[PDB]
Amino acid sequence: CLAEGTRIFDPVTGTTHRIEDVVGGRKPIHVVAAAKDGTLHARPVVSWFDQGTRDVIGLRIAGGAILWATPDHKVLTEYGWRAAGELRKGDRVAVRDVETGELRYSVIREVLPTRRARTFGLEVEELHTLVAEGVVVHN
């Protein structure tokens, strides 16, 4: 699950939404979703889930972005999809370049301690993945 405040880019409108507003308003936004072969596609959000309060860890990535997710949340990495809680400083996560919209990988600069926060989830059609805080993750 992704923490309150997690920003999600909609490739269709070009608008960036906070996940808690997308869920609270059941907004049918589109997201940048990643397939298997490492390609990016636009996919619509069809379901919204308020996951309640849970422990979310922070992954600070080269460039400043910090992804806050539950330690069990799957993130696309240089070694495939791994739980966020298994990642360590030095591992590279898949990120969407804000300029080219292309996929690349960035180094995790620091792993932050857990903190309590409302968490959310979504159902992304077909591909069930999305770019949150610029990072490719499971929905």
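The first residue of the sequence shown is number 1, and the count goes up from there.
Taking the mean C-alpha B-factor of each stretch as recorded, 32-40 and 45-53 are not equal, and the higher mean is that of 32-40. Mean CA B-factor, 127-135 versus 8-16: the higher value falls on 8-16. In this PDB entry, the Cα temperature factor of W68 sits in the bottom third of its chain's modelled residues, the lowest group. Placement of the Cα temperature factor of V111 within the chain: middle third of the modelled residues, per the deposited record. Among all modelled residues in its chain, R104 ranks in the middle third by Cα B-factor.
Split the chain's modelled residues into thirds by C-alpha temperature factor. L87 is in the highest one. Ranked by C-alpha B-factor against the other modelled residues of its chain, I61 falls in the middle third.
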